[PDB]
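Below is one structure, written out as structure tokens; the observations come after it.
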Amino acid sequence: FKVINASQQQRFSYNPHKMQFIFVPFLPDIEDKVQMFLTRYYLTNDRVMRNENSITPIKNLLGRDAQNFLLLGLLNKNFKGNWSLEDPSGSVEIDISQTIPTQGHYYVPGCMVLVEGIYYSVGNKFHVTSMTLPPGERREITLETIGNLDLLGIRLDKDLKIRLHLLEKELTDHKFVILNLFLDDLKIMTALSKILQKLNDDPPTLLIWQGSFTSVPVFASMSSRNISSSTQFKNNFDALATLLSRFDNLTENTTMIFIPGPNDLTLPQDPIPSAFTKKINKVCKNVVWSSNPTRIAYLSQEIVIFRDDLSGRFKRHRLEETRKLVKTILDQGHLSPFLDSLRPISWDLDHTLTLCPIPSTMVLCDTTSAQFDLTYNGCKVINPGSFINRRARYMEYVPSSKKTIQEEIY
């Protein structure tokens with residue numbers, strides 16, 4: 001039972017002939033960039049093969065001139081209306097002129113989909129019957145076909161220990177606390193005062209401090225107050241550490257986790273530096289600084305935490321709600337199904353963002369949708385929503401019974 005370090009995690013590469021991963025383990029390489037999407041295509045390929053209306057490459061159809069296939073590819077774009085599609089065997093412009101597809105989750109670019117139709121080589125523009133997304137299977141059969149290795153950290157698989165589930169179903173002593181959170185307002189101080197008031201009595205176990213610790217970003221340019229974004233943020237930490245030290249009931253038996261948001265000093269992202277967490281590391285002894293995103297090494301489960309604006313980007317890019325969002329992220333099996341010219345993902349840690357296999361719980365702290373918790377093929381996906389303008393609301397999750405309770409003060 002630990003917290004997985006993204007900068008210190010392993011790496012696994014897939015082989016289609018052996019259908020398995022190899023012992024892979026500063027700046028990345030070119031091969032990483034190429035094999036990034038290559039690994040994506042072959043992973044989706046094998047994922048399709050696990051589900052056994054046929055299979056055909058682009059070169060097979062372009063070699064002909066007549067027809068009739070459900071092609072696989074990325075909804076990319078070269079020119080206006082020149083929505084091209086690419087597999088590792090050729091490129092082809094596709095059109096959806098007067099198409100009545102299904103009611104998919106959220107069709108977005110940079111996504112590998114399946115479209116049926118005919119070529120019509122006179123203009124060589126493939127037509128679409130219906131656009132569909134690659135289906136995602138349950139975690140049971142998924143973990144059945146992964147093989148016999150370790151994908152979370154313990155190397156083979158030995159999860160046949162009923163004592164794990166029994167002790168978790170009995171030791172209710174380990175509770176998770178989830179609260180956007182700024183630091184330079186009296187309202188924040190008040191909220192934290194009543195929150196810790198609820199926390200000094202009942203000892204929690206794992207604190208999850210969300211991102212966006214400041215209303216403003218970095219890149220300071222005015223030395224009016226003889227300060228900068230760094231110094232201001234440092235003093236904000238000092239104030240938080242002082243309120244934290246006002247009540248020493250905490251850190252006695254509760255572990256904490258910081259998570260950097262989008263406005264602190266491009267994915268993935270290393271945590272808040274030690275130079276700004278010096279005093280809190282001195283006062284406390286149960287601190288950690290995980291990258292965004294990260295995974296909690298839970299003894300029998302795969303919980304992943306990722307804070308970003310998911311709903312705020314899908315609506316600004318569809319061609320022509322909450323379950324649509326969750327359905328999209330789980331079916332594509334990836335956290336950022338977006339082009340690299342849109343969200344620059346670091347070449348080294350693309351595997352970290354990969355949802356191979358299906359995780360147990362994805363903590364998606366959205367900053368533009370309400371708080372919820374729903375199920376979709378088993379993985380209970382949550383959202384705590386905002387924290388201040390929603391009249392001070394927060395969440396508490398039970399891992400054993402998987403209970404989800406909301407707690408509001410106003």
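Ordering of the structure tokens sets the chain letters (A, B, ...), residue numbers begin anew at 1 in every chain, and ligands are numbered from 1 in the order given.
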**Shell around residue A:223 at 12 Å using only C-alpha atoms, local window under 6 positions removed, as a ChimeraX atom specification** = /A:229,231-232
**Message:** Which residues are close to residue A:304, i.e. within 9 Å by only C-alpha atoms, leaving aside same-chain residues fewer than 2 positions away? Reply as a ChimeraX atom specification.
**Reply:** /A:293-296,302,306,359-364
**Message:** Give me the residues near residue A:290 as a PyMOL selection string, where near means some atom within 12 Å (using only C-alpha atoms) and where sequence neighbours in that chain fewer than 4 positions away do not count.
**Reply:** chain A and resi 2-9+208-211+256-261+268-273+294-297+304-306
Let me see the file: selected residues, C-alpha atoms, as a PDB file, in the first residue's frame.
ATOM      1  CA  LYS A   2       1.805   3.065  -1.320  1.00  0.00           C
ATOM      2  CA  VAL A   3       1.361   5.868  -3.830  1.00  0.00           C
ATOM      3  CA  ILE A   4       2.725   5.281  -7.322  1.00  0.00           C
ATOM      4  CA  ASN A   5       5.485   7.664  -8.398  1.00  0.00           C
ATOM      5  CA  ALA A   6       4.968   8.635 -12.048  1.00  0.00           C
ATOM      6  CA  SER A   7       8.595   9.687 -12.453  1.00  0.00           C
ATOM      7  CA  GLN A   8       9.707   6.404 -10.880  1.00  0.00           C
ATOM      8  CA  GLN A   9       7.199   4.067 -12.504  1.00  0.00           C
ATOM      9  CA  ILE A 208      -6.540  14.588  -1.190  1.00  0.00           C
ATOM     10  CA  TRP A 209      -5.674  18.243  -1.716  1.00  0.00           C
ATOM     11  CA  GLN A 210      -6.832  19.237  -5.186  1.00  0.00           C
ATOM     12  CA  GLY A 211      -5.081  21.592  -7.544  1.00  0.00           C
ATOM     13  CA  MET A 256      -1.829  13.439   3.024  1.00  0.00           C
ATOM     14  CA  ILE A 257      -1.518  13.908  -0.746  1.00  0.00           C
ATOM     15  CA  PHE A 258      -0.963  17.117  -2.728  1.00  0.00           C
ATOM     16  CA  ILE A 259      -2.010  17.330  -6.363  1.00  0.00           C
ATOM     17  CA  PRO A 260      -0.772  20.150  -8.611  1.00  0.00           C
ATOM     18  CA  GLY A 261      -3.405  21.874 -10.688  1.00  0.00           C
ATOM     19  CA  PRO A 268       2.312  14.767 -17.416  1.00  0.00           C
ATOM     20  CA  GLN A 269       3.531  17.159 -14.761  1.00  0.00           C
ATOM     21  CA  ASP A 270       5.969  16.956 -11.869  1.00  0.00           C
ATOM     22  CA  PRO A 271       4.580  18.111  -8.482  1.00  0.00           C
ATOM     23  CA  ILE A 272       5.115  21.307  -6.499  1.00  0.00           C
ATOM     24  CA  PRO A 273       8.864  21.652  -5.816  1.00  0.00           C
ATOM     25  CA  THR A 294      -1.213   9.490 -10.485  1.00  0.00           C
ATOM     26  CA  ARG A 295      -2.314   6.143  -9.169  1.00  0.00           C
ATOM     27  CA  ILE A 296      -2.873   5.043  -5.592  1.00  0.00           C
ATOM     28  CA  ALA A 297      -1.217   1.693  -4.865  1.00  0.00           C
ATOM     29  CA  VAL A 304      -6.370   6.689 -10.591  1.00  0.00           C
ATOM     30  CA  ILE A 305      -6.643  10.426  -9.856  1.00  0.00           C
ATOM     31  CA  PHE A 306      -6.642  13.000 -12.666  1.00  0.00           C
TER      32      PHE A 306
END
**Request:** Tell me, as a ChimeraX atom specification, which residues lie within 12 Å of stretch 143-154 of chain A, counting only C-alpha atoms; anything in the same chain fewer than 3 positions away does not count.
**Result:** /A:1-6,8-12,14,18-23,43,46-47,49-51,137-140,157-159,294-304,351-352,354-360
Write out as a PDB file with N, CA and C atoms, in the first residue's frame each polymer residue whose atoms come within 10 Å of residue A:207, counting only C-alpha atoms; drop sequence neighbours fewer than 4 positions from it.
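Dumped everything to part21.pdb:
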ATOM      1  N   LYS A 175     -10.148   5.899   5.666  1.00  0.00           N
ATOM      2  CA  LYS A 175     -11.114   6.732   4.961  1.00  0.00           C
ATOM      3  C   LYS A 175     -10.408   7.789   4.113  1.00  0.00           C
ATOM      4  N   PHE A 176     -11.014   8.101   2.965  1.00  0.00           N
ATOM      5  CA  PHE A 176     -10.486   9.050   1.995  1.00  0.00           C
ATOM      6  C   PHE A 176     -11.270  10.349   2.090  1.00  0.00           C
ATOM      7  N   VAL A 177     -10.579  11.485   1.971  1.00  0.00           N
ATOM      8  CA  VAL A 177     -11.212  12.802   2.065  1.00  0.00           C
ATOM      9  C   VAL A 177     -10.925  13.597   0.802  1.00  0.00           C
ATOM     10  N   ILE A 178     -11.985  14.055   0.130  1.00  0.00           N
ATOM     11  CA  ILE A 178     -11.858  14.822  -1.096  1.00  0.00           C
ATOM     12  C   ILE A 178     -12.601  16.140  -0.931  1.00  0.00           C
ATOM     13  N   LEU A 179     -11.946  17.237  -1.276  1.00  0.00           N
ATOM     14  CA  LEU A 179     -12.584  18.530  -1.158  1.00  0.00           C
ATOM     15  C   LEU A 179     -13.015  19.033  -2.518  1.00  0.00           C
ATOM     16  N   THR A 254      -3.022  10.581  10.162  1.00  0.00           N
ATOM     17  CA  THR A 254      -3.579  10.748   8.822  1.00  0.00           C
ATOM     18  C   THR A 254      -2.494  11.059   7.799  1.00  0.00           C
ATOM     19  N   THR A 255      -2.566  10.397   6.652  1.00  0.00           N
ATOM     20  CA  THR A 255      -1.629  10.599   5.564  1.00  0.00           C
ATOM     21  C   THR A 255      -2.236  11.611   4.596  1.00  0.00           C
ATOM     22  N   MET A 256      -1.381  12.405   3.947  1.00  0.00           N
ATOM     23  CA  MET A 256      -1.829  13.439   3.024  1.00  0.00           C
ATOM     24  C   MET A 256      -1.231  13.311   1.632  1.00  0.00           C
ATOM     25  N   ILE A 257      -1.920  13.917   0.658  1.00  0.00           N
ATOM     26  CA  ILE A 257      -1.518  13.908  -0.746  1.00  0.00           C
ATOM     27  C   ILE A 257      -1.803  15.269  -1.369  1.00  0.00           C
ATOM     28  N   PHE A 258      -0.798  15.867  -2.007  1.00  0.00           N
ATOM     29  CA  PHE A 258      -0.963  17.117  -2.728  1.00  0.00           C
ATOM     30  C   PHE A 258      -1.128  16.758  -4.194  1.00  0.00           C
ATOM     31  N   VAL A 287       3.534  13.248   4.264  1.00  0.00           N
ATOM     32  CA  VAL A 287       3.328  13.995   3.039  1.00  0.00           C
ATOM     33  C   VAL A 287       3.862  13.232   1.844  1.00  0.00           C
TER      34      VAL A 287
END
**Request:** Using only C-alpha atoms, determine which residues lie at most 12 Å from residue A:33, disregarding the query and same-chain residues fewer than 4 positions distant; provide the list as a PyMOL selection string.
**Result:** chain A and resi 27-29+37-40+340+344-350
Write a file of the just-selected residues containing N, CA, C and O atoms, as a tab-separated table (two decimals), in the first residue's frame.
chain	number	residue	atom	x	y	z
A	27	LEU	N	15.60	13.18	-21.26
A	27	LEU	CA	14.68	13.58	-22.32
A	27	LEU	C	14.36	12.43	-23.28
A	27	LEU	O	15.18	11.53	-23.47
A	28	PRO	N	13.18	12.43	-23.88
A	28	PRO	CA	12.78	11.33	-24.77
A	28	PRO	C	13.54	11.21	-26.09
A	28	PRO	O	14.48	11.96	-26.36
A	29	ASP	N	13.10	10.26	-26.92
A	29	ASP	CA	13.68	9.96	-28.22
A	29	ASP	C	12.62	10.08	-29.32
A	29	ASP	O	11.42	10.15	-29.06
A	37	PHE	N	1.92	6.64	-31.23
A	37	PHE	CA	0.70	6.33	-31.94
A	37	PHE	C	0.73	4.92	-32.49
A	37	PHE	O	-0.34	4.31	-32.64
A	38	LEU	N	1.93	4.38	-32.78
A	38	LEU	CA	1.97	3.00	-33.27
A	38	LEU	C	1.47	2.04	-32.20
A	38	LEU	O	0.71	1.11	-32.49
A	39	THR	N	1.89	2.28	-30.96
A	39	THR	CA	1.48	1.48	-29.84
A	39	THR	C	-0.01	1.64	-29.62
A	39	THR	O	-0.70	0.67	-29.29
A	40	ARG	N	-0.51	2.86	-29.86
A	40	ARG	CA	-1.94	3.09	-29.73
A	40	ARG	C	-2.73	2.25	-30.73
A	40	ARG	O	-3.72	1.60	-30.37
A	340	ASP	N	-1.47	15.55	-30.93
A	340	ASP	CA	-0.30	16.11	-30.27
A	340	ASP	C	-0.09	17.56	-30.64
A	340	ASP	O	0.68	18.25	-29.96
A	344	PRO	N	0.15	18.75	-26.05
A	344	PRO	CA	1.48	18.14	-26.14
A	344	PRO	C	1.75	17.23	-24.95
A	344	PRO	O	1.98	17.69	-23.83
A	345	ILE	N	1.72	15.93	-25.21
A	345	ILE	CA	1.95	14.88	-24.23
A	345	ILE	C	3.42	14.51	-24.31
A	345	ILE	O	3.95	14.36	-25.41
A	346	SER	N	4.07	14.38	-23.16
A	346	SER	CA	5.47	14.01	-23.16
A	346	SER	C	5.62	12.59	-23.69
A	346	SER	O	4.85	11.69	-23.33
A	347	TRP	N	6.59	12.41	-24.58
A	347	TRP	CA	6.82	11.13	-25.24
A	347	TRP	C	7.20	10.01	-24.29
A	347	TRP	O	6.87	8.85	-24.54
A	348	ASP	N	7.92	10.33	-23.21
A	348	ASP	CA	8.36	9.28	-22.30
A	348	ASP	C	7.23	8.63	-21.53
A	348	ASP	O	7.15	7.40	-21.43
A	349	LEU	N	6.35	9.43	-20.95
A	349	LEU	CA	5.33	8.88	-20.08
A	349	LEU	C	3.95	8.77	-20.71
A	349	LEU	O	2.96	9.04	-20.04
A	350	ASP	N	3.85	8.36	-21.97
A	350	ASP	CA	2.52	8.21	-22.53
A	350	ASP	C	1.82	7.00	-21.92
A	350	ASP	O	0.59	6.99	-21.83
**Request:** Kindly indicate which residue among A:194, A:64, A:17, A:169 lies nearest to residue A:401, using only C-alpha atoms for the distances.
**Result:** A:169
**Asked** Which one of A:195, A:57, A:308, A:337 sits closest to residue A:86 if you count only C-alpha atoms?
**Response**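 Counting only C-alpha atoms, the residue closest to residue A:86 is A:57.
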**Message:** Write out as a list in words the set of residues from stretch 48-157 of chain A that DSSP, computed on the backbone, places in strand (DSSP E).
**Reply:** residues 69, 70, 71, 72, 73, 74, 83, 84, 85, 86, 87, 90, 91, 92, 93, 94, 95, 112, 113, 114, 115, 116, 117, 126, 127, 131 and 132 of chain A
Take the residues from that selection and write them out as a PDB file, in the first residue's frame, keeping C-alpha atoms.
ATOM      1  CA  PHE A  69     -15.782  -1.659 -45.504  1.00  0.00           C
ATOM      2  CA  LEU A  70     -15.896  -0.438 -41.889  1.00  0.00           C
ATOM      3  CA  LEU A  71     -12.521   1.318 -41.796  1.00  0.00           C
ATOM      4  CA  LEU A  72     -10.506   2.056 -38.623  1.00  0.00           C
ATOM      5  CA  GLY A  73      -8.725   5.329 -38.151  1.00  0.00           C
ATOM      6  CA  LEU A  74      -8.113   8.708 -36.579  1.00  0.00           C
ATOM      7  CA  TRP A  83     -11.027  15.091 -42.805  1.00  0.00           C
ATOM      8  CA  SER A  84      -8.436  12.473 -43.580  1.00  0.00           C
ATOM      9  CA  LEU A  85      -8.101   9.034 -42.027  1.00  0.00           C
ATOM     10  CA  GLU A  86      -4.831   7.159 -41.477  1.00  0.00           C
ATOM     11  CA  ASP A  87      -3.891   3.572 -40.550  1.00  0.00           C
ATOM     12  CA  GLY A  90      -2.064   4.636 -46.310  1.00  0.00           C
ATOM     13  CA  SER A  91      -4.091   7.849 -46.071  1.00  0.00           C
ATOM     14  CA  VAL A  92      -7.557   8.658 -47.395  1.00  0.00           C
ATOM     15  CA  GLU A  93      -9.913  11.635 -47.343  1.00  0.00           C
ATOM     16  CA  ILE A  94     -13.309  10.758 -45.866  1.00  0.00           C
ATOM     17  CA  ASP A  95     -16.675  12.495 -46.086  1.00  0.00           C
ATOM     18  CA  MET A 112      -9.645   6.158 -33.502  1.00  0.00           C
ATOM     19  CA  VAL A 113     -13.151   5.292 -34.735  1.00  0.00           C
ATOM     20  CA  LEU A 114     -14.854   2.893 -37.151  1.00  0.00           C
ATOM     21  CA  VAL A 115     -16.877   4.079 -40.163  1.00  0.00           C
ATOM     22  CA  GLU A 116     -18.691   1.942 -42.744  1.00  0.00           C
ATOM     23  CA  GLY A 117     -19.263   2.711 -46.398  1.00  0.00           C
ATOM     24  CA  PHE A 126     -14.926   7.209 -48.887  1.00  0.00           C
ATOM     25  CA  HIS A 127     -18.428   7.743 -47.604  1.00  0.00           C
ATOM     26  CA  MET A 131     -19.514   6.530 -37.002  1.00  0.00           C
ATOM     27  CA  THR A 132     -18.824   4.311 -34.007  1.00  0.00           C
TER      28      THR A 132
END
**Request:** Run DSSP on the backbone of this structure and report the residues of stretch 77-323 of chain A it assigns to helix (DSSP H, G or I), as a ChimeraX atom specification.
**Result:** /A:139-144,162-170,186-201,229-245,274-276,278-283,311-314,322-323
**Request:** Counting only C-alpha atoms, figure out which residue out of A:193, A:102, A:375, A:15 gets nearest to residue A:402.
**Result:**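 The closest residue to residue A:402 is A:375.
Near stretch 104-108 of chain A, within a cut-off of 7 Å and counting only C-alpha atoms, sit the residues residues 111, 132, 314, 317, 318, 319, 324, 325, 327 and 328 of chain A, with same-chain residues fewer than 3 positions away left out.
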**Prompt:** With only C-alpha atoms as the basis for distance, which of A:77, A:240, A:142, A:227 is at the shortest distance from residue A:185?
**Reply:**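 Nearest candidate to residue A:185 out of A:77, A:240, A:142, A:227: A:240.
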**Asked** Counting only C-alpha atoms, which of A:386, A:281, A:82, A:200 gets nearest to residue A:237?
**Response**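 Residue with the minimum atom-to-atom distance to residue A:237: A:281.
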